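To start, the structure itself, in structure tokens.
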Amino acid sequence: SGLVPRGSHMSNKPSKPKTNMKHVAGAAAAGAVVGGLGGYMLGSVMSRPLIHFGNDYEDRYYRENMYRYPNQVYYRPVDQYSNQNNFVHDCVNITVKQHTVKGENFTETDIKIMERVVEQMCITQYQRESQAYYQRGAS
């Protein structure tokens with residue numbers, strides 16, 4: 001037998017009284033500036049290569065359109081539940097959205113390489129994400 005009294009758990013302590021009404025953000029307003037992704041990490045600074053073609057044309061083309069398109073990319077933090085694909089999967093899609101955006105368009109031929117630089121940029125990022133992800137200890 002065993003039907004002892006059990007089933008009592010509670011934890012709540014909202015100690016954050018916010019009675020302030022001063023949320024001024026300086027001065028900046030004109031027309032309208034889009035910006036709604038959700039919360040994806042944005043590359044701050046980098047040095048090493050992101051994509052390696054190997055062919056002359058494929059090489060010159062990349063460095064040629066280098067200024068045409070940005071270098072930053074939206075990616076999420078890795079995890080133990082899944083592999084890099086967890087973030088790399090949407091990493092490419094999201095990038096394609098801002099890449100193929102009406103703001104700028106490229107030829108059918110450019111889309112070929114553009115997809116490579118972006119794709120490789122997603123996986124190549126996993127190396128860094130893991131470097132910081134592995135580190136345990138927030139001092």
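None of the figures in this text is laboratory data; all of them are computed from the coordinates on show. Note: ideal-geometry Cβ built from the backbone for every residue, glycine included; neighbour counts use all protein chains shown.
The table for this structure:
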quantity: Residue list for segment 97-109, filter: of a type outside the set (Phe, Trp, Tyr) and either surrounded by 14 or more Cβ atoms within 10 Å (Cβ to Cβ) or part of a loop (DSSP other than H, G, I, E, B) (or both); calculated: 98, 99, 100, 101, 102, 103, 104, 105, 107
quantity: Residue selected from segment 1-56 under the condition of a type in the set (A, V, I, L, M, F, W, C) and in contact with a strand residue (DSSP E or B) (Cβ under 7 Å, 6 or more places away or on another chain), by the criterion surrounded by the fewest Cβ atoms within 10 Å (Cβ to Cβ); calculated: 42
quantity: Qualifying residue in segment 65-72 (condition: surrounded by 13 or more Cβ atoms within 10 Å (Cβ to Cβ) and of a type in the set (A, V, I, L, M, F, W, C)); calculated: no
quantity: Which numbered condition residue 133 fails, given (1) touching a strand residue (DSSP E or B) at 6+ places or on another chain (Cβ under 9 Å); (2) surrounded by fewer than 16 Cβ atoms within 10 Å (Cβ to Cβ); (3) assigned to a helix (DSSP H, G or I); calculated: (1)
quantity: Any chance residue 94 is touching a helix residue (DSSP H, G or I) at 6+ places or on another chain (Cβ under 7 Å) and in a helix (DSSP H, G or I); calculated: no
quantity: Leading residue by the ranking (nearest to residue 121 (Cα to Cα)) among those in segment 45-72 that are part of a helix (DSSP H, G or I) and in contact (Cβ under 8 Å) with a residue 40 or more places away in the chain; calculated: 62
quantity: Selection count, segment 73-91, where residues are assigned to a loop (DSSP other than H, G, I, E, B) and hydroxyl-bearing (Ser, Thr, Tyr); calculated: 2
